[PDB]
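Visitor: As they sit in the full assembly, here are the leading chains:
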Amino acid sequence: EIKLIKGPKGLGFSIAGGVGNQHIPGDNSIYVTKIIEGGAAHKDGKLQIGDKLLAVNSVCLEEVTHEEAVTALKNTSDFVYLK
């Protein structure tokens, strides 16, 4: 569990993966592909590129569509609990 105070445009990282758009063949997980410099994620350390996301305010992300994961990450107040 990595805690983050979301910033102006977001958590400060990008994602790929999800059912229908398998980042890795046969895998629907959501993976962190980029960490924006100076974003909240970066500054706070705990998360890095390549990490598999598990949950957001324990909405499990194990196997959901890419868009569901996006929304799940947009609709979580300034306070956020990660994986």
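Guide: Structure received. Numbering: from 1, shown residues only, chains lettered A, B, ... in the order given.
Visitor: The nearest residue in space to residue A:10 that is not next to it in sequence and residue A:14, how far apart?
Guide: Among residues not flanking residue A:10 along the chain, residue A:39 sits closest, at 7.0 Å (CB to CB, 6 or more residues apart in numbering). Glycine gets a C-beta too; all of them are placed from N, C-alpha and C. Taking CB to CB, to the nearest Å as the criterion, residue A:39 is separated from residue A:14 by 10 Å.
Visitor: before we move on, back to that, list the contacts of the residue nearest to residue A:10.
Guide: Each residue near residue A:39 by CB atoms under 8 Å, 6 or more residues apart in numbering is listed here: A:7, A:10-13.
Visitor: and chain B, same structure:
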Amino acid sequence: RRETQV
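Guide: Same chains as before, plus chain B:
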């Protein structure tokens, strides 16, 4: 192919 800024 979808990669998104969050």
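Visitor: now that chain B has been added, could you go back to the nearest residue to residue A:10?
Guide: residue B:6 (5.5 Å; CB to CB, 6 or more residues apart in numbering or on different chains).
Visitor: do the same with residue A:59
Guide: Nearest residue to residue A:59, sequence neighbours excluded (CB to CB, 6+ apart): residue A:72, at 5.1 Å.
Visitor: how far away is the one you found from residue A:50?
Guide: 20 Å.
Visitor: Between these two, point out the one with more neighbours.
Guide: residue A:72 (19 against 8; other CB atoms under 10 Å in any protein chain shown).
Visitor: chain center to whatever helix or strand the more buried one lives in, what's the gap?
Guide: Assigning secondary structure by DSSP states H and E places residue A:72 in helix A:66-74. Relative to its chain's centre, helix A:66-74 lies at 8 Å (CA atoms, centre = their mean, to the nearest Å).
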